[PDB]
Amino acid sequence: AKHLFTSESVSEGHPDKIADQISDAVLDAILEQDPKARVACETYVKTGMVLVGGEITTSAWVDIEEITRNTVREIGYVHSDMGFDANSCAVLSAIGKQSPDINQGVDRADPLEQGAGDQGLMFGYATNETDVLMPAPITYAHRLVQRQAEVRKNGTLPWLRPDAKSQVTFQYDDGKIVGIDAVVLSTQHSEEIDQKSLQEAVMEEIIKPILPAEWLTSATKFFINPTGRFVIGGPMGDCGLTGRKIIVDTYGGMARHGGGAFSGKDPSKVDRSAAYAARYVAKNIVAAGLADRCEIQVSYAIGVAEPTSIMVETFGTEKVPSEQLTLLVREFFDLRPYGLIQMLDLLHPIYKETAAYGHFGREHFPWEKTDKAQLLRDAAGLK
């Protein structure tokens, strides 16, 4: 059974991502000073400005302009030549405090009883398609924009600009990868180099080194800067907003999604924490060998600590009747707001780093670790 699946990714220089980075850059700074802070930060980015707003209630004292300018600076925009400049852009702020009405339902007398930051559903996912138990398409797309950024920073291709996007579509037969049909790579550049040169250079430096030569055949079709010109990019060519990369932030469209963004919010926000916890059990279940691939899904109710719903989907690839596989889940992990935070130790400034190139796949992240696997195994035919 043959079929085609497509995924995509964006460079750290992409408007939307710039936002996320900024958003999560502020939270980290804040958290460093106060772990129990409540941060709901939304960032808007355009031509010559950066808007950092939302609701933040913390005892910490931070500098938004500095965190912002520095964050963009690192991204790469440092001259009007590229369209945006950390040093000369505007930095606006419209940050209020979190509504007490919401807060009474979140932070209650007893810390354990403390409730979900909001209502909603989240999807977790894992697959044995790769070592990091992540789907392949998203993994390679991420690698593509990441490479472009590194070949830019190291000065290999000095004419590359921050803004860039990547798309790849794999060939799936017998349910496994047989190759790659089409490759898309768009990257901002200087008025100094020509399309052909650029195209030819992108192949050698960015695509050829990242895509497995086996999956590349005379069939594969390459799309490099199709409009034929990408000199204008960044916020000037496209408005950047927080939480608009929901899918590339997760599993590339392979798995499902509930609609909750990650960047800008502290862990008491189930959108981010319950999501991480979901990748945590899903991955751990597959590592435990209880299934080849499984999608998990939890849903919550604001101010309520106990999950409103949970469901594990193994697409038949399970090895123990879902029954015990589902009774095992709530048995081993605590999906209650104030259970996942301890479970993954989320009270730390570790999110900025998570704002570009996927929230999953980086084994050093607390939710990528698989310690519960072997124990999740004991609970079912150890041996």
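We call the rigid core the largest set of C-alpha positions that still match within 1.5 Å between the two forms. Numbers for residues come from their place in the sequence shown, where the first is 1.
- Using the rigid core as the fitting frame, the root mean square C-alpha deviation in 6 other deposited structures of this protein is greater for 195-203 than for the other of 141-149 and 195-203.
- Put simply, when the other structures in 6 other deposited structures of this protein are lined up on the rigid core, the C-alpha atoms of 330-338 lie farther off than those of the other stretch, from 330-338 and 22-30.
- In the comparison with other entries of the same protein, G240 is given coordinates in all of those covering both sides of it, so it never reaches the one-third threshold.
- Across the other entries compared, at least a third leave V106 without coordinates even though the residues on each side are present.
- According to the PDB record, 274-282 carries the higher mean C-alpha B-factor of the two stretches 274-282 and 244-252.
- Here the stretch with the larger average CA B-factor, out of 175-183 and 70-78, is 175-183.
- Set against one another, the Cα B-factors of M236, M134, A213, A301 in the record reach their highest point at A213.
- Of all the options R330, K46, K352, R38, the entry's greatest CA B-factor is assigned to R330.
- In this PDB entry, the Cα temperature factor of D118 sits in the bottom third of its chain's modelled residues, the lowest group.
- Per the deposited record, the Cα B-factor of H189 falls in the lowest third when ranked against the other modelled residues of its chain.
- In the deposited entry, the Cα temperature factor of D24 sits in the bottom third of values across the chain's modelled residues.
- The entry lists a Cα temperature factor for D110 that places it in the highest third of the chain's modelled residues.
- Compared with the other modelled residues of the chain, the Cα B-factor recorded for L347 ranks in the middle third.
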